[PDB]
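A.B. asks:
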Amino acid sequence: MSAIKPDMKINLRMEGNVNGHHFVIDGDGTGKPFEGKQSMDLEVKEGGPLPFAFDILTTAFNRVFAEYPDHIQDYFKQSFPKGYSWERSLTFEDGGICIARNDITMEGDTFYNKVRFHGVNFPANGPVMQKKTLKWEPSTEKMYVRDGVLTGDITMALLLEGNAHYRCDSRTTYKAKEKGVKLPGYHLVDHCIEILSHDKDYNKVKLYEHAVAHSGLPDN
Amino acid sequence: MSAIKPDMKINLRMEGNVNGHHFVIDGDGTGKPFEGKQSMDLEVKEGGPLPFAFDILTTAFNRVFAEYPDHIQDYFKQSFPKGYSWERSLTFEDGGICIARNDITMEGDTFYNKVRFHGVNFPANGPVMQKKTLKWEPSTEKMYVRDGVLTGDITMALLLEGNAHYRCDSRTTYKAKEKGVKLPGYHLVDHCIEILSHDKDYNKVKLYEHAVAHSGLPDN
Amino acid sequence: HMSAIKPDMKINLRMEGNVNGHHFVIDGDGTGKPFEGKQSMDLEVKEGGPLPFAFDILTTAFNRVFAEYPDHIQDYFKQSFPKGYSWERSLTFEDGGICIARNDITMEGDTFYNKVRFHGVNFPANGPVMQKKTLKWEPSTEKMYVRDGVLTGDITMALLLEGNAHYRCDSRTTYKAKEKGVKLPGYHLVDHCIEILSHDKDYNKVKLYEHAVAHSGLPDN
Amino acid sequence: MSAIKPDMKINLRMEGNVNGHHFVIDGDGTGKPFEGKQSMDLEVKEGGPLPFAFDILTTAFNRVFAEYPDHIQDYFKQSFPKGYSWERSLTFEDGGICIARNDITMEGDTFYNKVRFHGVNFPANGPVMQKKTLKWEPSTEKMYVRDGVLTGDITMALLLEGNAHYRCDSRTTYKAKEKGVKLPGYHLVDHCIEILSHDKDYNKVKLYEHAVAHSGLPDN
Ligand SMILES: O=S([O-])[O-]
Ligand SMILES: O=S([O-])[O-]
Ligand SMILES: O=S([O-])[O-]
Ligand SMILES: O=S([O-])[O-]
Numbered sequence: 001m002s003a004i005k006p007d008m009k010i011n012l013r014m015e016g017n018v019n020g021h022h023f024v025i026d027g028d029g030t031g032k033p034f035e036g037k038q039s040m041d042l043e044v045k046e047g048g049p050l051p052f053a054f055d056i057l058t059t060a061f065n066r067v068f069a070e071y072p073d074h075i076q077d078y079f080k081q082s083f084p085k086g087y088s089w090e091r092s093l094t095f096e097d098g099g100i101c102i103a104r105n106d107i108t109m110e111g112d113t114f115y116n117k118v119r120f121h122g123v124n125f126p127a128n129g130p131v132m133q134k135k136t137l138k139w140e141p142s143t144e145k146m147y148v149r150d151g152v153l154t155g156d157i158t159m160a161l162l163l164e165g166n167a168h169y170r171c172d173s174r175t176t177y178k179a180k181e182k183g184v185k186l187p188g189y190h191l192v193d194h195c196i197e198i199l200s201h202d203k204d205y206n207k208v209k210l211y212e213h214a215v216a217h218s219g220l221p222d223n
Numbered sequence: 001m002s003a004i005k006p007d008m009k010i011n012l013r014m015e016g017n018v019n020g021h022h023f024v025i026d027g028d029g030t031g032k033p034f035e036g037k038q039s040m041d042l043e044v045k046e047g048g049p050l051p052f053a054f055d056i057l058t059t060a061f065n066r067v068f069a070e071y072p073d074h075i076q077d078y079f080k081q082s083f084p085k086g087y088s089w090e091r092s093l094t095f096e097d098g099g100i101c102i103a104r105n106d107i108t109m110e111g112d113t114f115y116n117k118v119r120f121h122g123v124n125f126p127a128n129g130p131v132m133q134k135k136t137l138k139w140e141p142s143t144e145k146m147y148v149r150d151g152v153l154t155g156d157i158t159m160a161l162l163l164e165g166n167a168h169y170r171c172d173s174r175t176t177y178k179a180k181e182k183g184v185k186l187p188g189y190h191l192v193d194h195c196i197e198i199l200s201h202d203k204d205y206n207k208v209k210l211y212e213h214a215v216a217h218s219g220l221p222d223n
Numbered sequence: 000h001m002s003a004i005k006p007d008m009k010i011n012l013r014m015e016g017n018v019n020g021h022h023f024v025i026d027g028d029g030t031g032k033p034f035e036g037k038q039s040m041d042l043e044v045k046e047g048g049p050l051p052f053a054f055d056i057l058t059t060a061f065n066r067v068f069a070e071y072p073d074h075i076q077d078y079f080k081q082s083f084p085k086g087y088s089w090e091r092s093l094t095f096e097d098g099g100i101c102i103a104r105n106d107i108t109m110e111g112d113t114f115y116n117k118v119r120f121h122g123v124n125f126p127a128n129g130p131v132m133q134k135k136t137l138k139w140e141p142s143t144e145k146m147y148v149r150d151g152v153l154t155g156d157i158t159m160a161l162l163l164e165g166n167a168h169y170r171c172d173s174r175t176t177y178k179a180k181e182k183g184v185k186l187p188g189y190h191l192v193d194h195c196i197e198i199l200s201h202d203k204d205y206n207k208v209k210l211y212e213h214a215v216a217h218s219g220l221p222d223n
Numbered sequence: 001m002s003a004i005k006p007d008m009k010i011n012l013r014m015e016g017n018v019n020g021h022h023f024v025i026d027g028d029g030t031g032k033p034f035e036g037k038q039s040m041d042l043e044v045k046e047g048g049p050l051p052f053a054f055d056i057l058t059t060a061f065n066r067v068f069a070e071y072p073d074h075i076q077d078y079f080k081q082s083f084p085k086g087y088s089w090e091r092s093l094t095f096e097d098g099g100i101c102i103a104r105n106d107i108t109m110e111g112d113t114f115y116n117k118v119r120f121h122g123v124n125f126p127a128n129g130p131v132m133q134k135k136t137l138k139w140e141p142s143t144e145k146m147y148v149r150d151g152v153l154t155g156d157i158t159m160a161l162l163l164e165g166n167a168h169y170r171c172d173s174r175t176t177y178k179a180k181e182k183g184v185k186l187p188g189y190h191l192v193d194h195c196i197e198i199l200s201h202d203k204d205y206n207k208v209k210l211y212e213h214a215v216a217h218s219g220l221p222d223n
């Protein structure tokens, strides 16, 4: 009491537009906030089949699901029950640019996610519009405070078919709903994200993430 | 050929969300497509007073309004009567990122503009959230083709209080609705945009743009 | 004060640099008309020739004194003389190539002297620079403004490539007068066009030309 | 008969120019390649006292010093005895940009390093020219292949006095001298780097780095 339980449910609704293509996607899942693990079943409700790589959406589908050790302030679990919100930009190396936001709330044992995602300027023959991506490689998010706001920057990479990589820089700004939530010091958060399964058109996808916060070398 | 008249009316509808603040803005104006001039009266219908600098929105409020000389293919006038659409990213120097789009159609003597605008990651004490902007400086858009699509990049700058400047890079991708509209060669488009007047909170704004296409030195 | 800049000036230039780990030295001798914003220069690779990279990436490094300034815009560059000024520049190419360059500019009599350095890193082996697939810079427009108390010019640039694709490069130059008391200009634009008029097969010898004109943008330009 | 020995020496010379200020700096160190730990004593031979934050130079003062696990190809240890070279760009958030190069060779138990470092466009009032930096935060370098070349991208941050942070993006390209050195798959390398001690003007500096390669979650 102690808002967050060892096992939580996850309800998510994303709406968005990439390349002028509108879509709506519902998510239903479960996770273990204290182990930093979560899974979700996603369903394209409108806009299917998506004309673009589903992978660009997957980080938009909650840093509550991250294992924080005792020596690092856990801004995210501290933000409940009132919750918090985040904004993000994704800057892909070929000019594709996405913005996204999620307003995260909690009712009982369930997190609710209102997610918006917009992508512009993706080249027609790029790996995104040609759906040539395989997965995100595991990443490390750098967490720091800027102008009063917890900020996470990430150098990300999509593995492509033919074993090339496709670079994307992510900046996320995280804001507790409640006044006064103490900001953490600089720290790192390892991520790995995986589409465990999906149908042909990616109208149905099962997503998994694992995340662990740490202080970097040599204290990790 | 185009059915674009020397004098046209402009109907505009924008919806958007900056920093989590949703808004709706209507525009009604008139322009001279062949003189590359237009003006518009904008009214904030929802979300007023805006908590952010109105200037960030104004380039989203149609390159049909640009004087094109004979020796340069005019992709925009050649796109009608069927019309065209664009997507844009605005990358501000302090991490603020916006995306925008506009679907442009024509019915008789009126252009219709369905515009969307999203902005994320603006710092609380930056010139945008603190409304320290004065105007966009006159600019020059660099037009070229990339992956089969007409693309415009601009080095933009907002004049700020005290005559400092706040930099923003714009990339716009332009796509004619009808197939096989001939793409132009590399060229430049000069722009100047100005808020001619506005009320205290910028719920009401009169906007003007002048744009002229040219080939650069030594010609221009 | 009187600039001591004549309508017809000589240009002496010395570049040294390193791109992709390849060292080079290039000399330049040219002439120009500061008030007309036009200049031409004959360049000769003295060391490291033949260059294994596109000569074009070097050409903007080969002096905003050579820009026609109208009377209503403060001319920081001509006012920097006789003492002179220096600039530093970053070039950020869309495929990861990054160059930095500097020029220290002085004047003796009818001649500008230029000590130029140029370093480029992270150009991919099969990109248009290492493969020498560039044709020219397209005409550009430099945005001039005071940033952190220093006149700065930002530019969206584009190299035409063979196959008529374009290759994007963003430029930022910082310009600093050597002498105190040089008035800073308000925001303005400088149109450029730069052209290799001729070259020998390996670009060991190159004739370069530039035309530049400052203006206030629309609606009065 | 291995080229890499458990305890090795490091001889280094850097020459460079930041904001027009020329400098020469010699380094003499020792390290343990297999444990990814090294220390070096640096001495400014020319250009002291440096007018800029010594911290911008420290990553330029060899990925052979990284603990590589068996399941990740170790490109750097495989590059000896002949050696390898790297080029780097450092893009700071306020427009300061640096490039650096190191040509690394080996004789007996000693690595030799020919290092060059050039920085431009640092603002006079910024934390580099004001010497307001305290340290690099621990980081994670993302290693991947692009156009045949091992490439490392890093989201870096300098902690500043007052506990603000100053962001810098690093790209390094690494090239074995010898033909036929096998490229590794995608992986991460954790770093931490620390000035253990220095005299008042940073004419003398003792530097330490620890680095460890890993596969990220869930392995790590
Ligand atoms: O937790 S990872 O295997 O997507
Ligand atoms: O089109 S300009 O005169 O604001
Ligand atoms: O005057 S320009 O075509 O070098
Ligand atoms: O080199 S590490 O101990 O910050």
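Quick note, the sequences are listed as chains D, C, A and B, same order.
Positions 1 to 61, 65 to 223 (the authors' numbering) are the ones given, in order, by the first sequence.
Positions 1 to 61, 65 to 223 (the authors' numbering) are the ones given, in order, by the second sequence.
Positions 0 to 61, 65 to 223 (the authors' numbering) are the ones given, in order, by the third sequence.
Positions 1 to 61, 65 to 223 (the authors' numbering) are the ones given, in order, by the fourth sequence.
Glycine included, each C-beta is placed from N, C-alpha and C at the ideal position.
Hey, would you say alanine 3 of chain C sits closer than 8 Å to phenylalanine 83 of chain C, going by beta carbons?
C.D. replies: It is a contact, given that the beta carbons lie within the stated cut-off.
A.B. asks: Leaving aside the five residues before and after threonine 113 of chain C along the sequence, list all residues of the same chain whose C-beta is less than 6 Å from its C-beta, in chain order.
C.D. replies: Correct list, in chain order: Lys9, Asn11.
A.B. asks: Distance cutoff 8 Å, beta carbons only. Does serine 92 of chain C sit that close to anything in chain A?
C.D. replies: No, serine 92 of chain C does not count as interfacial toward chain A.
A.B. asks: If we define contact as Cβ-Cβ less than 8 Å, is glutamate 140 of chain C a contact residue for chain A?
C.D. replies: Taking Cβ atoms only, chain A reaches closer than 8 Å to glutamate 140 of chain C, which makes this a yes.
A.B. asks: Can you tell me whether DSSP reads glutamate 43 of chain C as helix, strand or coil?
C.D. replies: Strand, per DSSP.
A.B. asks: Examine ligand 2 and report whether any of its heavy atoms sits within less than 7 Å of the Cβ of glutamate 197 of chain C.
C.D. replies: Under cutoff, so the answer is yes.
A.B. asks: Does any residue of chain D bring its CB to less than 8 Å from the CB of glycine 86 of chain C?
C.D. replies: Chain D, which has no Cβ nearer than 8 Å to the Cβ of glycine 86 of chain C, makes this no.
A.B. asks: Taking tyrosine 211 of chain C as the reference, give the member of A:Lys135, A:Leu220, A:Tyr211 with the closest Cα.
C.D. replies: The shortest C-alpha separation from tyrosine 211 of chain C is found at A:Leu220.
A.B. asks: Is the separation between the beta-carbon of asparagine 128 of chain C and that of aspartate 150 of chain D shorter than 8 Å?
C.D. replies: Taking 8 Å as the Cβ cut-off, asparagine 128 of chain C and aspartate 150 of chain D qualify as a contacting pair.
A.B. asks: Let me check you understand the geometry: is the CB of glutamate 212 of chain D closer than 7 Å to at least one non-hydrogen atom of ligand 1?
C.D. replies: Checking every heavy atom of ligand 1 against the Cβ of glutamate 212 of chain D, one is found closer than 7 Å.
A.B. asks: Taking the alpha-carbon positions, what's the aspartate 28 of chain B to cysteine 195 of chain B distance?
C.D. replies: For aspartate 28 of chain B and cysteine 195 of chain B, the distance between alpha carbons rounds to 19 Å.
A.B. asks: Mind checking who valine 208 of chain D pairs with in its DSSP beta bridge?
C.D. replies: In the DSSP output, where bridge partners are listed per residue, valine 208 of chain D has D:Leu42, D:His201.
A.B. asks: Should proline 221 of chain A be listed as close to ligand 2, given that the test is whether its C-beta is under 7 Å from any heavy atom?
C.D. replies: Yes, the Cβ of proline 221 of chain A comes within 7 Å of a heavy atom of ligand 2.
A.B. asks: Is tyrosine 147 of chain A near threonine 154 of chain A, with beta carbons less than 8 Å apart?
C.D. replies: Going by C-beta atoms, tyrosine 147 of chain A is nearer than 8 Å to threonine 154 of chain A.
A.B. asks: Kindly list, in the order they appear in chain D, the residues whose Cβ is closer than 9 Å to that of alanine 216 of chain C.
C.D. replies: By Cβ distance, chain D contributes nothing, its closest Cβ being about 22 Å from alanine 216 of chain C, past 9 Å.
A.B. asks: Which complete beta strand (DSSP E) runs does the stretch 123 to 189 of chain D hold, if anything under 3 residues is left out?
C.D. replies: You should have 136 to 139, 142 to 149, 152 to 163, 168 to 179.
A.B. asks: Compute the distance between the beta-carbons of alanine 216 of chain A and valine 192 of chain A, then report whether it is under 8 Å.
C.D. replies: Their beta carbons are under 8 Å apart, which means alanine 216 of chain A touches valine 192 of chain A by this criterion.
A.B. asks: Give me the residue from A:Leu163, A:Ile25, A:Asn19, A:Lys185 with the minimum Cα distance to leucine 137 of chain A.
C.D. replies: Comparing Cα positions, the closest option is A:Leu163.
A.B. asks: For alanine 53 of chain B and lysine 134 of chain B, which I take to be in contact (beta-carbon distance under 8 Å), what is that distance rounded to the nearest angstrom?
C.D. replies: Contact flag correct, Cβ pair sits at about 5 Å.
A.B. asks: To which residues of the same chain is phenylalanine 95 of chain D closer than 6 Å at the C-beta, ignoring the five residues directly before and after it?
C.D. replies: So the list reads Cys171, once near-sequence residues are dropped.
A.B. asks: Would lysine 37 of chain D be called buried (16 or more neighbouring beta carbons within 10 Å of its own) or exposed?
C.D. replies: Buried, by the Cβ-count rule.
A.B. asks: To which residues does DSSP link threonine 108 of chain A through a beta bridge?
C.D. replies: Looking at the DSSP assignment, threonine 108 of chain A forms a beta bridge with A:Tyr115.
A.B. asks: Nearest by alpha-carbon distance to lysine 85 of chain C: which of C:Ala179, C:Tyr189, C:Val44, C:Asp222 is it?
C.D. replies: Answer by Cα proximity: C:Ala179.
A.B. asks: Is there a C-beta anywhere in chain C that falls below 8 Å from the one on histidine 194 of chain A?
C.D. replies: Chain C, which has a Cβ nearer than 8 Å to the Cβ of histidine 194 of chain A, makes this yes.
A.B. asks: Note the first and the last residue of the continuous beta strand (DSSP E) segment covering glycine 36 of chain B.
C.D. replies: Taken as a continuous stretch (DSSP letters only), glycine 36 of chain B belongs to no beta strand (DSSP E), as it is neither H nor E.
A.B. asks: Under the DSSP definition of a beta bridge, which residues are partnered with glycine 16 of chain D?
C.D. replies: Answer by DSSP bridge pairing, in chain order: D:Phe23, D:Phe120.
A.B. asks: For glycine 122 of chain C versus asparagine 206 of chain C, is the C-beta spacing smaller than 8 Å?
C.D. replies: In this structure, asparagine 206 of chain C does not lie closer than 8 Å to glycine 122 of chain C by Cβ.
A.B. asks: Beta-carbon of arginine 66 of chain C versus every beta-carbon of chain D: anything under 8 Å?
C.D. replies: Chain D, which has no Cβ nearer than 8 Å to the Cβ of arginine 66 of chain C, makes this no.
A.B. asks: So, helix, strand or coil for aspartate 55 of chain B, using DSSP?
C.D. replies: Three-state result, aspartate 55 of chain B: helix.
A.B. asks: Can you have a look at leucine 199 of chain C and say buried or exposed, based on whether 16 or more other CB atoms are within 10 angstroms of its CB?
C.D. replies: Exposed: under 16 other Cβ atoms inside 10 Å.
A.B. asks: Excluding the five sequence neighbours on either side, which residues of its own chain have a C-beta within less than 6 Å of the C-beta of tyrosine 78 of chain B, listed in chain order?
C.D. replies: Closer than 6 Å at Cβ, skipping near neighbours: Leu153, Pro187.
A.B. asks: Taking DSSP as the reference, what is the three-state secondary structure of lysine 80 of chain B?
C.D. replies: Helix at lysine 80 of chain B.
A.B. asks: Using 10 angstroms around the beta-carbon of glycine 98 of chain A, count the other beta-carbons present and answer buried if the total reaches 16, otherwise exposed.
C.D. replies: It counts as buried.
A.B. asks: Determine the contact status of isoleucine 102 of chain B and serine 88 of chain B, defining contact as a CB-CB distance below 8 Å.
C.D. replies: In this structure, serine 88 of chain B does not lie closer than 8 Å to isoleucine 102 of chain B by Cβ.
A.B. asks: With DSSP run on the structure shown, which of helix, strand or coil describes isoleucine 100 of chain B?
C.D. replies: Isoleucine 100 of chain B: strand per DSSP, three-state reduction.
A.B. asks: Is the Cβ of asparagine 166 of chain D closer than 8 Å to any Cβ of chain C?
C.D. replies: Chain C, which has no Cβ nearer than 8 Å to the Cβ of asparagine 166 of chain D, makes this no.
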